[PDB]
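One chain is shown next in structure tokens, namely the form deposited in one PDB entry.
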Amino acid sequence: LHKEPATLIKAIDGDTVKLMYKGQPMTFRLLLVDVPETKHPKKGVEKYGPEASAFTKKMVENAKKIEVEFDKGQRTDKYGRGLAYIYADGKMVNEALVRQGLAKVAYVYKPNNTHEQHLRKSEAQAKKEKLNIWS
């Protein structure tokens, strides 16, 4: 896997950000995590949704460098969003959400599962610490 540079356009929700990538605006979905949404229809605003959304927004708006990392499989989902791991100054946004109890590891589809054990490791610690979703 390779990290590539990108520029923030807009944070949209806890699990989605719009980035300038290779000179094209693109919406990206964070790989491997299920994040409580402020969007969504079967609820609209979910519990911990505003908190997860603010977390992601702050992390990307305040970064000096954003990088995207695609996994080994499909790079876009059926809504046209990029499927990637997103880093803000070297720190993976997907893992940071999970470590804080603001996301769960999602149902995983091979072969987009390169960082699966790493996130599940962080999720086990957040539940042990009883943080946010786990409290």
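We number the residues from 1 along the sequence you see.
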item	value
Between the two ranges 42 to 50 and 90 to 98, the one averaging a larger CA B factor in the entry	42 to 50
10 to 18 set against 111 to 119, stretch whose average Cα temperature factor tops the other in the entry	111 to 119
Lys57, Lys65, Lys72, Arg29, ranked by C-alpha B-factor: the highest one	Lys72
